[PDB]
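Reproduced below: start_31.pdb, with PDB, C-alpha atoms and all ligand atoms.
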ATOM      1  CA  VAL A   1      79.159  98.767  93.910  1.00  0.00           C
ATOM      2  CA  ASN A   2      81.582  96.897  96.191  1.00  0.00           C
ATOM      3  CA  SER A   3      81.348  93.988  98.629  1.00  0.00           C
ATOM      4  CA  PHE A   4      81.699  95.940 101.893  1.00  0.00           C
ATOM      5  CA  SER A   5      78.663  95.169 104.063  1.00  0.00           C
ATOM      6  CA  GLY A   6      77.103  96.592 107.209  1.00  0.00           C
ATOM      7  CA  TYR A   7      78.839  99.992 107.154  1.00  0.00           C
ATOM      8  CA  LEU A   8      77.366 103.267 108.354  1.00  0.00           C
ATOM      9  CA  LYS A   9      77.850 106.061 105.802  1.00  0.00           C
ATOM     10  CA  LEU A  10      79.437 109.156 107.346  1.00  0.00           C
ATOM     11  CA  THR A  11      80.052 111.241 104.204  1.00  0.00           C
ATOM     12  CA  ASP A  12      80.093 110.907 100.434  1.00  0.00           C
ATOM     13  CA  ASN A  13      83.250 108.768 100.651  1.00  0.00           C
ATOM     14  CA  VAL A  14      83.790 107.627 104.287  1.00  0.00           C
ATOM     15  CA  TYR A  15      82.090 104.581 105.828  1.00  0.00           C
ATOM     16  CA  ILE A  16      82.505 103.080 109.323  1.00  0.00           C
ATOM     17  CA  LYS A  17      81.816  99.762 111.060  1.00  0.00           C
ATOM     18  CA  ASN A  18      82.467  98.032 114.381  1.00  0.00           C
ATOM     19  CA  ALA A  19      84.640  95.198 113.098  1.00  0.00           C
ATOM     20  CA  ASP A  20      87.913  93.327 113.483  1.00  0.00           C
ATOM     21  CA  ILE A  21      89.981  94.509 110.506  1.00  0.00           C
ATOM     22  CA  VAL A  22      91.614  91.067 110.291  1.00  0.00           C
ATOM     23  CA  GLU A  23      88.248  89.336 109.939  1.00  0.00           C
ATOM     24  CA  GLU A  24      86.961  92.056 107.600  1.00  0.00           C
ATOM     25  CA  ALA A  25      89.990  91.682 105.332  1.00  0.00           C
ATOM     26  CA  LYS A  26      89.689  87.888 105.302  1.00  0.00           C
ATOM     27  CA  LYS A  27      86.025  88.175 104.302  1.00  0.00           C
ATOM     28  CA  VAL A  28      86.239  90.972 101.727  1.00  0.00           C
ATOM     29  CA  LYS A  29      89.763  90.413 100.345  1.00  0.00           C
ATOM     30  CA  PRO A  30      89.921  94.119  99.452  1.00  0.00           C
ATOM     31  CA  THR A  31      92.292  95.536  96.887  1.00  0.00           C
ATOM     32  CA  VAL A  32      93.993  97.517  99.678  1.00  0.00           C
ATOM     33  CA  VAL A  33      94.115  96.971 103.436  1.00  0.00           C
ATOM     34  CA  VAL A  34      95.850  99.699 105.438  1.00  0.00           C
ATOM     35  CA  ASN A  35      98.257  98.749 108.207  1.00  0.00           C
ATOM     36  CA  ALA A  36      98.917 101.014 111.190  1.00  0.00           C
ATOM     37  CA  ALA A  37     102.673 100.723 110.690  1.00  0.00           C
ATOM     38  CA  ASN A  38     105.734 102.186 112.370  1.00  0.00           C
ATOM     39  CA  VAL A  39     108.783 103.458 110.486  1.00  0.00           C
ATOM     40  CA  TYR A  40     110.672 100.173 111.022  1.00  0.00           C
ATOM     41  CA  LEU A  41     107.752  98.004 109.854  1.00  0.00           C
ATOM     42  CA  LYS A  42     108.065  96.074 113.127  1.00  0.00           C
ATOM     43  CA  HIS A  43     104.567  94.615 113.406  1.00  0.00           C
ATOM     44  CA  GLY A  44     104.538  93.782 117.081  1.00  0.00           C
ATOM     45  CA  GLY A  45     101.173  94.840 118.437  1.00  0.00           C
ATOM     46  CA  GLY A  46      97.997  96.740 117.801  1.00  0.00           C
ATOM     47  CA  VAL A  47      96.543  96.473 114.314  1.00  0.00           C
ATOM     48  CA  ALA A  48      99.965  95.669 112.824  1.00  0.00           C
ATOM     49  CA  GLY A  49     100.627  92.778 115.182  1.00  0.00           C
ATOM     50  CA  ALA A  50      97.174  91.378 114.436  1.00  0.00           C
ATOM     51  CA  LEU A  51      97.507  91.696 110.648  1.00  0.00           C
ATOM     52  CA  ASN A  52     100.970  90.166 110.701  1.00  0.00           C
ATOM     53  CA  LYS A  53      99.832  87.253 112.897  1.00  0.00           C
ATOM     54  CA  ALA A  54      97.028  86.558 110.412  1.00  0.00           C
ATOM     55  CA  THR A  55      99.681  86.234 107.649  1.00  0.00           C
ATOM     56  CA  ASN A  56     101.637  83.660 109.698  1.00  0.00           C
ATOM     57  CA  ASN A  57     104.508  86.218 109.926  1.00  0.00           C
ATOM     58  CA  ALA A  58     104.864  86.499 106.125  1.00  0.00           C
ATOM     59  CA  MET A  59     104.138  90.232 106.389  1.00  0.00           C
ATOM     60  CA  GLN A  60     107.063  90.629 108.805  1.00  0.00           C
ATOM     61  CA  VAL A  61     109.442  88.620 106.587  1.00  0.00           C
ATOM     62  CA  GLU A  62     108.562  90.761 103.562  1.00  0.00           C
ATOM     63  CA  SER A  63     108.821  93.936 105.650  1.00  0.00           C
ATOM     64  CA  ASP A  64     112.285  93.069 106.963  1.00  0.00           C
ATOM     65  CA  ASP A  65     113.537  92.701 103.388  1.00  0.00           C
ATOM     66  CA  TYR A  66     111.908  96.034 102.471  1.00  0.00           C
ATOM     67  CA  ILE A  67     113.689  97.826 105.334  1.00  0.00           C
ATOM     68  CA  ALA A  68     117.020  96.147 104.608  1.00  0.00           C
ATOM     69  CA  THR A  69     116.824  97.521 101.050  1.00  0.00           C
ATOM     70  CA  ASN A  70     115.179 100.917 101.563  1.00  0.00           C
ATOM     71  CA  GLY A  71     115.645 101.949 105.187  1.00  0.00           C
ATOM     72  CA  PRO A  72     112.877 103.215 107.464  1.00  0.00           C
ATOM     73  CA  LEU A  73     109.770 105.030 106.343  1.00  0.00           C
ATOM     74  CA  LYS A  74     109.026 108.624 107.331  1.00  0.00           C
ATOM     75  CA  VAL A  75     106.415 109.450 109.949  1.00  0.00           C
ATOM     76  CA  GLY A  76     103.479 110.437 107.748  1.00  0.00           C
ATOM     77  CA  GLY A  77     104.754 108.201 104.942  1.00  0.00           C
ATOM     78  CA  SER A  78     103.796 104.851 103.488  1.00  0.00           C
ATOM     79  CA  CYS A  79     104.790 101.969 101.283  1.00  0.00           C
ATOM     80  CA  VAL A  80     102.807  99.417  99.280  1.00  0.00           C
ATOM     81  CA  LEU A  81     103.625  95.768  99.968  1.00  0.00           C
ATOM     82  CA  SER A  82     101.793  92.488  99.482  1.00  0.00           C
ATOM     83  CA  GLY A  83      98.447  91.913 101.142  1.00  0.00           C
ATOM     84  CA  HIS A  84      99.307  88.214 101.558  1.00  0.00           C
ATOM     85  CA  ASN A  85      96.154  86.213 102.412  1.00  0.00           C
ATOM     86  CA  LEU A  86      94.269  89.342 103.536  1.00  0.00           C
ATOM     87  CA  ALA A  87      94.123  91.650 100.495  1.00  0.00           C
ATOM     88  CA  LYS A  88      95.793  92.215  97.152  1.00  0.00           C
ATOM     89  CA  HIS A  89      98.008  94.935  98.649  1.00  0.00           C
ATOM     90  CA  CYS A  90      98.826  96.270 102.086  1.00  0.00           C
ATOM     91  CA  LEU A  91      99.392 100.017 102.343  1.00  0.00           C
ATOM     92  CA  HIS A  92     101.645 100.414 105.385  1.00  0.00           C
ATOM     93  CA  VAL A  93     100.973 103.944 106.687  1.00  0.00           C
ATOM     94  CA  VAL A  94     102.869 105.556 109.562  1.00  0.00           C
ATOM     95  CA  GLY A  95     100.739 107.860 111.653  1.00  0.00           C
ATOM     96  CA  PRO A  96     102.434 109.806 114.437  1.00  0.00           C
ATOM     97  CA  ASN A  97     102.782 107.894 117.704  1.00  0.00           C
ATOM     98  CA  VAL A  98     101.869 110.260 120.541  1.00  0.00           C
ATOM     99  CA  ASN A  99     103.541 107.880 123.003  1.00  0.00           C
ATOM    100  CA  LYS A 100     106.808 108.680 121.162  1.00  0.00           C
ATOM    101  CA  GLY A 101     106.225 112.451 121.164  1.00  0.00           C
ATOM    102  CA  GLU A 102     105.543 112.689 117.430  1.00  0.00           C
ATOM    103  CA  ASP A 103     103.801 115.687 115.875  1.00  0.00           C
ATOM    104  CA  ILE A 104     100.042 115.129 115.588  1.00  0.00           C
ATOM    105  CA  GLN A 105      99.968 117.496 112.592  1.00  0.00           C
ATOM    106  CA  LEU A 106     101.625 114.637 110.684  1.00  0.00           C
ATOM    107  CA  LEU A 107      98.309 112.776 110.923  1.00  0.00           C
ATOM    108  CA  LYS A 108      96.978 114.692 107.914  1.00  0.00           C
ATOM    109  CA  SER A 109     100.080 113.774 105.887  1.00  0.00           C
ATOM    110  CA  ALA A 110      99.546 110.129 106.871  1.00  0.00           C
ATOM    111  CA  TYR A 111      95.944 110.142 105.639  1.00  0.00           C
ATOM    112  CA  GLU A 112      96.981 111.794 102.348  1.00  0.00           C
ATOM    113  CA  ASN A 113      98.549 108.462 101.374  1.00  0.00           C
ATOM    114  CA  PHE A 114      95.031 107.011 101.144  1.00  0.00           C
ATOM    115  CA  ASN A 115      94.252 109.305  98.188  1.00  0.00           C
ATOM    116  CA  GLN A 116      96.567 107.238  95.967  1.00  0.00           C
ATOM    117  CA  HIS A 117      94.057 104.339  96.146  1.00  0.00           C
ATOM    118  CA  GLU A 118      90.475 104.388  94.906  1.00  0.00           C
ATOM    119  CA  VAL A 119      89.092 102.123  97.678  1.00  0.00           C
ATOM    120  CA  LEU A 120      90.639 101.040 100.997  1.00  0.00           C
ATOM    121  CA  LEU A 121      89.825  99.086 104.151  1.00  0.00           C
ATOM    122  CA  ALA A 122      91.552 100.894 107.007  1.00  0.00           C
ATOM    123  CA  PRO A 123      91.824 101.483 110.751  1.00  0.00           C
ATOM    124  CA  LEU A 124      91.816 104.944 112.275  1.00  0.00           C
ATOM    125  CA  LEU A 125      95.406 106.145 112.018  1.00  0.00           C
ATOM    126  CA  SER A 126      97.266 106.960 115.238  1.00  0.00           C
ATOM    127  CA  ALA A 127      94.449 105.444 117.346  1.00  0.00           C
ATOM    128  CA  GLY A 128      94.854 102.580 119.794  1.00  0.00           C
ATOM    129  CA  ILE A 129      98.418 102.093 121.012  1.00  0.00           C
ATOM    130  CA  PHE A 130      99.590 105.071 118.923  1.00  0.00           C
ATOM    131  CA  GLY A 131      97.965 107.269 121.562  1.00  0.00           C
ATOM    132  CA  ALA A 132      95.972 109.839 119.584  1.00  0.00           C
ATOM    133  CA  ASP A 133      92.318 110.715 120.163  1.00  0.00           C
ATOM    134  CA  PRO A 134      90.274 108.501 117.782  1.00  0.00           C
ATOM    135  CA  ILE A 135      87.585 111.197 117.465  1.00  0.00           C
ATOM    136  CA  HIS A 136      90.284 113.525 116.142  1.00  0.00           C
ATOM    137  CA  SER A 137      91.636 110.840 113.818  1.00  0.00           C
ATOM    138  CA  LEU A 138      88.174 110.377 112.316  1.00  0.00           C
ATOM    139  CA  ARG A 139      87.817 114.130 111.751  1.00  0.00           C
ATOM    140  CA  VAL A 140      91.175 114.312 109.961  1.00  0.00           C
ATOM    141  CA  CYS A 141      90.255 111.261 107.885  1.00  0.00           C
ATOM    142  CA  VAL A 142      86.975 112.799 106.719  1.00  0.00           C
ATOM    143  CA  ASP A 143      88.639 116.147 105.965  1.00  0.00           C
ATOM    144  CA  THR A 144      91.647 114.634 104.127  1.00  0.00           C
ATOM    145  CA  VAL A 145      90.702 111.412 102.339  1.00  0.00           C
ATOM    146  CA  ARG A 146      88.783 111.902  99.093  1.00  0.00           C
ATOM    147  CA  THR A 147      88.848 108.288  97.906  1.00  0.00           C
ATOM    148  CA  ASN A 148      86.466 105.639  99.254  1.00  0.00           C
ATOM    149  CA  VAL A 149      87.513 104.512 102.728  1.00  0.00           C
ATOM    150  CA  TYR A 150      85.900 101.766 104.816  1.00  0.00           C
ATOM    151  CA  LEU A 151      86.954 102.184 108.444  1.00  0.00           C
ATOM    152  CA  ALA A 152      86.993  99.209 110.811  1.00  0.00           C
ATOM    153  CA  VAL A 153      86.828 100.050 114.522  1.00  0.00           C
ATOM    154  CA  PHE A 154      87.561  97.082 116.795  1.00  0.00           C
ATOM    155  CA  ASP A 155      86.148  98.455 120.055  1.00  0.00           C
ATOM    156  CA  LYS A 156      82.336  98.503 120.090  1.00  0.00           C
ATOM    157  CA  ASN A 157      82.188 101.153 122.810  1.00  0.00           C
ATOM    158  CA  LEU A 158      84.549 103.354 120.794  1.00  0.00           C
ATOM    159  CA  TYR A 159      82.577 102.774 117.594  1.00  0.00           C
ATOM    160  CA  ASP A 160      79.382 103.998 119.281  1.00  0.00           C
ATOM    161  CA  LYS A 161      81.154 107.088 120.628  1.00  0.00           C
ATOM    162  CA  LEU A 162      82.616 107.877 117.194  1.00  0.00           C
ATOM    163  CA  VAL A 163      79.199 107.709 115.537  1.00  0.00           C
ATOM    164  CA  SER A 164      77.285 109.573 118.241  1.00  0.00           C
ATOM    165  CA  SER A 165      79.808 112.432 118.316  1.00  0.00           C
ATOM    166  CA  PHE A 166      80.306 112.730 114.554  1.00  0.00           C
ATOM    167  CA  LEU A 167      79.601 116.186 113.184  1.00  0.00           C
TER     168      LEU A 167
HETATM  169  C1  LIG A 201      94.219 100.716 120.271  1.00  0.00           C
HETATM  170  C2  LIG A 201      94.949 100.743 118.919  1.00  0.00           C
HETATM  171  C3  LIG A 201      95.912 101.937 118.949  1.00  0.00           C
HETATM  172  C4  LIG A 201      95.756  99.448 118.819  1.00  0.00           C
HETATM  173  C5  LIG A 201      93.923 100.843 117.738  1.00  0.00           C
HETATM  174  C6  LIG A 201      92.888 101.953 117.985  1.00  0.00           C
HETATM  175  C7  LIG A 201      91.703 101.878 117.035  1.00  0.00           C
HETATM  176  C8  LIG A 201      91.010 100.497 117.018  1.00  0.00           C
HETATM  177  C9  LIG A 201      90.313 100.261 118.416  1.00  0.00           C
HETATM  178  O1  LIG A 201      90.318  98.890 118.705  1.00  0.00           O
HETATM  179  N1  LIG A 201      91.994  99.452 116.716  1.00  0.00           N
HETATM  180  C10 LIG A 201      91.655  98.358 115.836  1.00  0.00           C
HETATM  181  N2  LIG A 201      90.720  98.620 114.877  1.00  0.00           N
HETATM  182  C11 LIG A 201      90.361  97.620 114.009  1.00  0.00           C
HETATM  183  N3  LIG A 201      90.815  96.369 113.969  1.00  0.00           N
HETATM  184  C12 LIG A 201      91.747  96.114 114.926  1.00  0.00           C
HETATM  185  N4  LIG A 201      92.356  94.881 115.067  1.00  0.00           N
HETATM  186  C13 LIG A 201      93.243  94.982 116.138  1.00  0.00           C
HETATM  187  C14 LIG A 201      93.188  96.267 116.656  1.00  0.00           C
HETATM  188  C15 LIG A 201      92.230  97.039 115.904  1.00  0.00           C
HETATM  189  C16 LIG A 201      93.220  99.473 117.513  1.00  0.00           C
END
What would the structure in this file look like if it were written as structure tokens?
Ligand SMILES: CC(C)(C)[C@@H]1CC[C@H](CO)N(c2ncnc3[nH]ccc23)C1
Amino acid sequence: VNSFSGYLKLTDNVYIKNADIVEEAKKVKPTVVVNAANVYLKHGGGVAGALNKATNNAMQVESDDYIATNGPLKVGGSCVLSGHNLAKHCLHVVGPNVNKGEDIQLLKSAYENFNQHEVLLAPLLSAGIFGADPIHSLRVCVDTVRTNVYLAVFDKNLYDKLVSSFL
């Protein structure tokens, strides 16, 4: 039993809700919140910009030190950093950005990072400003993640389409 509330159950391990991931994280304080990161951990917009803003830019400060030490992530890769005031940890995961021409096949590799964590609050990878089809992202999530994932979808219209079209 966990404290996630109001989710629709899609499969044994995947749950979905129309919610603002920032507000969800602040309420639940999950062990792991997933960020829709880029390889430079520049949290300018989309989910990343919103999460970082909620940390009063502390996420960005920590991220800049991480990059200065380690260099950029790989597309499809991840790193674990602090969750600041939102979660114990933030798993920064880089899905392919279609608006940069990146290979959508890397979306499965991106979701594989979730399997290193027993329970996660997450957005749909590569959705939103990353340019991929969110219906496809949900399919890859369900077919790749085996741990317990609670998906927050900001757009109510999109949430309804994701549910109604789910096979
Ligand atoms: C449109 C984007 C590529 C930016 C993605 C797409 C999937 C959903 C749709 O809104 N996104 C979010 N989900 C949950 N919480 C969120 N907080 C802020 C954004 C957001 C944004």
Centre and edges of the ligand LIG 201 (chain A) box, axis-aligned, 5 Å extra per side, as JSON:
{"center_x": 93.1, "center_y": 98.4, "center_z": 117.1, "size_x": 15.6, "size_y": 17.1, "size_z": 16.3}
Residue among A:5, A:78, A:56, A:157 lying closest to residue A:92, counting all atoms listed in the file:
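Closest to residue A:92 of all the choices is A:78.
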Quick one: residues within 10 Å of residue A:89, only C-alpha atoms, excluding same-chain residues fewer than 3 positions away - as a PyMOL selection string?
chain A and resi 29-34+80-86+92+120
Closest contacts (chain A/ligand LIG 201 (chain A), max 6 Å, all atoms listed in the file) as a tab-separated table:
residue	atom	partner	partner_atom	distance
A:20	CA	A:LIG201	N3	4.2
A:21	CA	A:LIG201	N3	4.0
A:46	CA	A:LIG201	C4	3.7
A:47	CA	A:LIG201	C13	4.1
A:50	CA	A:LIG201	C13	5.6
A:123	CA	A:LIG201	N2	5.1
A:124	CA	A:LIG201	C7	5.7
A:127	CA	A:LIG201	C6	3.9
A:128	CA	A:LIG201	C3	1.5
A:129	CA	A:LIG201	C3	3.2
A:130	CA	A:LIG201	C3	4.8
A:152	CA	A:LIG201	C11	4.9
A:153	CA	A:LIG201	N2	4.2
A:154	CA	A:LIG201	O1	3.8
A:155	CA	A:LIG201	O1	4.4
So how many Å separate atom CA of residue A:38 and atom CA of residue A:94, to one decimal?
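About the pair atom CA of residue A:38 and atom CA of residue A:94: they are 5.2 Å apart.
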With distances taken over all atoms listed in the file, which of A:37, A:140, A:93, A:22 is nearest to residue A:110?
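The closest residue to residue A:110 is A:93.
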Go ahead and compute the interatomic distance for atom CA of residue A:113 and atom CA of residue A:148, in Å to one decimal.
12.6 Å
Quick one: distance from atom CA of residue A:98 to atom CA of residue A:126 in Å, one decimal?
7.8 Å
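Compared by their closest atoms to residue A:108, and using all atoms listed in the file, the residues A:135, A:141, A:121, A:87 rank with A:141 nearest.
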Name the residues in contact with residue A:53 at a cut-off of 10 Å, using only C-alpha atoms, excluding same-chain residues fewer than 5 positions from it; report them as JSON, numbers by chain.
{"A": [22, 43, 44, 45, 47, 48, 58, 59, 60]}
Quick one: everything within 12 Å of residue A:70, counting all atoms listed in the file, minus sequence neighbours fewer than 3 positions away in the same chain. Send it as a short mmCIF file (atom, residue, chain, number, x, y, z; two decimals) with C-alpha atoms, in the coordinates of the input.
data_model
loop_
_atom_site.label_atom_id
_atom_site.label_comp_id
_atom_site.auth_asym_id
_atom_site.auth_seq_id
_atom_site.Cartn_x
_atom_site.Cartn_y
_atom_site.Cartn_z
CA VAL A 39 108.78 103.46 110.49
CA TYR A 40 110.67 100.17 111.02
CA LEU A 41 107.75 98.00 109.85
CA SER A 63 108.82 93.94 105.65
CA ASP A 64 112.28 93.07 106.96
CA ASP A 65 113.54 92.70 103.39
CA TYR A 66 111.91 96.03 102.47
CA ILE A 67 113.69 97.83 105.33
CA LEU A 73 109.77 105.03 106.34
CA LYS A 74 109.03 108.62 107.33
CA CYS A 79 104.79 101.97 101.28
#
Please expand the PyMOL selection byres (((chain A and resi 7) around 8) and not hetatm) into the concrete residues it hits in this file, giving the result as a count of residues only.
9
Run the PyMOL selection byres (((chain A and resi 118) around 9) and not hetatm) mentally over the shown coordinates, then write out the matched residues as a PyMOL selection string, using the chain letters and numbers from the document.
chain A and resi 114-117+119-120+146-149
Go ahead and write the selection's residues with C-alpha atoms as a PDB file, keeping the file's coordinate frame.
ATOM      1  CA  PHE A 114      95.031 107.011 101.144  1.00  0.00           C
ATOM      2  CA  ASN A 115      94.252 109.305  98.188  1.00  0.00           C
ATOM      3  CA  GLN A 116      96.567 107.238  95.967  1.00  0.00           C
ATOM      4  CA  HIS A 117      94.057 104.339  96.146  1.00  0.00           C
ATOM      5  CA  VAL A 119      89.092 102.123  97.678  1.00  0.00           C
ATOM      6  CA  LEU A 120      90.639 101.040 100.997  1.00  0.00           C
ATOM      7  CA  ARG A 146      88.783 111.902  99.093  1.00  0.00           C
ATOM      8  CA  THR A 147      88.848 108.288  97.906  1.00  0.00           C
ATOM      9  CA  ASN A 148      86.466 105.639  99.254  1.00  0.00           C
ATOM     10  CA  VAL A 149      87.513 104.512 102.728  1.00  0.00           C
TER      11      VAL A 149
END
Could you tell me which of A:91, A:1, A:142, A:132 comes closest to residue A:106 if we count only C-alpha atoms?
A:132
